[PDB]
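Novice: My questions will all concern the structure given below.
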Amino acid sequence: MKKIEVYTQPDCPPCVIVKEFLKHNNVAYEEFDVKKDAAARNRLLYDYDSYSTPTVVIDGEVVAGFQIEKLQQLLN
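Under the deposited numbering, the residues of the sequence shown are numbered 1 to 76, in order.
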């Protein structure tokens, strides 16, 4: 796992919101598009046990869905 992973897909405004929040905060993330990257899709569903995007993984912690304040907490 990378230290900060962000799972997204197209036509997903909540994903854009999370990403842009992360960017505004100058967070060093890596992003994965689960429609275009099958491995990333498999990690989301079968490693992280998350059914939707956005999902962010922060040093192993899975934050599934739209949870801004939990992200702020976890990031520093």
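Just so it is clear, CB atoms sit at the ideal spot from N, CA and C, and this is done for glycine as well.
Checking 8 Å against the spacing of the C-beta atoms, do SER52 and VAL62 come in under that value?
Specialist: Cβ distance not < 8 Å, so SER52 and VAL62 don't count as in contact.
Novice: Given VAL34, which residues of its chain have a CB within under 8 Å of its CB, disregarding the five upstream and five downstream residues?
Specialist: Only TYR7, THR8, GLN9, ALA40, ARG41, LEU44, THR53 meet the Cβ criterion.
Novice: Entirely within the stretch 37-62 and at least 4 residues each: give me those alpha helix (DSSP H) ranges in chain order.
Specialist: For the stretch 37-62, whole alpha helix (DSSP H) runs of length 4 or above, ordered along the chain, are 38-42.
Novice: Here's a check: name, in chain order, each residue in its chain whose Cβ is nearer than 7 Å to the Cβ of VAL27, leaving out the five neighbours to either side.
Specialist: Closer than 7 Å at the Cβ level, and outside the excluded window around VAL27, lie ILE4, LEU75.
Novice: Assuming contact is defined by CB atoms lying nearer than 8 Å, are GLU30 and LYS19 in contact in what I supplied?
Specialist: No.
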